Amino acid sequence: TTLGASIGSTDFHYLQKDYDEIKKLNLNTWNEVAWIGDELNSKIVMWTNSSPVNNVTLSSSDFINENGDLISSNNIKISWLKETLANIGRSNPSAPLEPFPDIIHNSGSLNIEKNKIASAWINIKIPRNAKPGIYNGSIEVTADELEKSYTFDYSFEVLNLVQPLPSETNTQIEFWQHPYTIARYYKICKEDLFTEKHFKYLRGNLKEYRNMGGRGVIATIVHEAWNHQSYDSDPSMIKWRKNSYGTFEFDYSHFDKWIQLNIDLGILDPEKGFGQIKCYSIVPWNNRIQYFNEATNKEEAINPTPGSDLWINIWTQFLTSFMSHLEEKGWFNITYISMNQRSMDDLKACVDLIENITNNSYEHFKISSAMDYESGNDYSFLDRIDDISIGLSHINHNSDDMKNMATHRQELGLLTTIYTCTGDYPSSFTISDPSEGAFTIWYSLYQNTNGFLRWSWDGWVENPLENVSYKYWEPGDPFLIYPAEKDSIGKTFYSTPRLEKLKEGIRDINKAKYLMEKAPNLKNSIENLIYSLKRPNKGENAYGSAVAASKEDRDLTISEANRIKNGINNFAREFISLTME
């Protein structure tokens, strides 16, 4: 024909290079299991031949159960997956530059060049007041050059249990946001920073974060704290100045507006002790603190070594001032001072200083850190850090070091997460299989942590919608959402399949934690299922990017994700049965 069509997996990308392989698909039916308030995703893959094809459109019926309960077609959003270019290597500028369908772009029609793949993401939101049962419906695909329409048989079962709202779970999610990057992309001026004109491009993507379970909000407290690793500079949200007497003063304006925005959006609730403010960092890159010297009237920097007399002096000034400031705002209880991977000497100097500065109630700042922990059961220092996150590449699957460490922390009421970054596999890159994200989240629970941290909400390059290639890291590493087009009406961001799979993983670990809690009798059955998870092997492509070791390892990430999900849905059904009989 002029146009071919088939249901396809959301687990991996359908790429142009796989054209000839893809044209041989003909999957016409789809079924899945969801809870009330849950979501489901699917995909239809289309193709063209010698001739191009205009105005390709897809559309969805209403969905109806056996009691004629309705889920409107408006809960089904079908979006073209837009392709963007990606250098497939890591700091390898001569690596091949290939298209990946990494963007959940727009609804409506689309043209398709000769001999091309195009795919459309399908997202189904089950309303929070939906009735249980088996729902059926269909999705149609048509075009202009086609005098016919293809048809696709979709059903799904809603189980009689309500997907927990994020605030009803104990899942920890922290994605680092870069609000100045949002300002740069959308040409927000210096003077409009953290005003309503800025907030308009932040609210949507922050709501999105909140709704998938985000609780951590990063705030920079010194300038360029990651040495400009990213496309955009990282300004400090707290401006430092040295006055004529030679003591430091701090301007909290940006920090205050940023945090207040996050309080207004419900990510943070400092009165109720919810959410975290992560202050980056007491160990910024090379210990460098840049400041305006009012005396010499110029910009200067210092680089004092942790533990040194100058260091203790300066951070004592900041921490003391910051604590008082946060106490007047009522924010102090949810505030953490962040560290990062440093020498044990630097880390101990930090924890020792921080612990030594207290308010009237002898409360000190909480402390948060990426740590490299991989073995041994000496927790005495690690327990003085209130939130830690461990890179997946430092977690040894052939041991229970990580899980034992995490379990100790849960007992003491401390937070623990894992993260992925450059060099990790599974991970959440543009070139990753999106299923890897669901796996990652399940791995956080397999390790008995509270959840997942990633550095990379929104660190856009110049024009990521067209090319995400950046000089460091696997492509797409620095962002899980895309921006909208600069002229958008409109939308302020687009989601990605990789992010939707993180979201799936999170909802699905939330189902498992909910069951464990509400059906104590199923708990060890569930725990055993979780603890059966296998870990695929990390390989590396010809150009420096981490990837799956082999086809077997790709398949395992998918099979394992689905296995566990299904297992949990069966436990779901067991609990539901119990209630009915």
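Residue numbers run from 1 along the displayed sequence.
K.L.:
Using the B-factors recorded in the PDB entry, average over the C-alpha atoms of 439-447 and of 67-75, then report which stretch comes out higher.
P.N.:
Stretch with the greater average CA B-factor: 67-75.
K.L.:
Tell me which of 175-183 and 465-473 has the higher mean C-alpha B-factor in the deposited entry.
P.N.:
Higher mean C-alpha B-factor: 465-473.
K.L.:
Looking at the C-alpha B-factor of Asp102, is it in the lowest, middle or highest third of its chain?
P.N.:
Lowest third.
K.L.:
Going by what the PDB entry lists, where does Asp555 fall on CA B-factor within its chain: lowest, middle or highest third?
P.N.:
For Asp555, the deposited C-alpha B-factor lands in the highest third.
K.L.:
Divide the modelled residues of the chain into thirds by Cα B-factor and specify which third, lowest, middle or highest, holds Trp35.
P.N.:
For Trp35, whose C-alpha B-factor we compare with every modelled residue in the chain, the answer is the lowest third.
K.L.:
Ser109: which third of its chain by C-alpha temperature factor?
P.N.:
Highest third of the chain for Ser109's C-alpha B-factor.
K.L.:
C-alpha B factor of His364, ranked within the chain: lowest, middle or highest third?
P.N.:
Top third by C-alpha B-factor.
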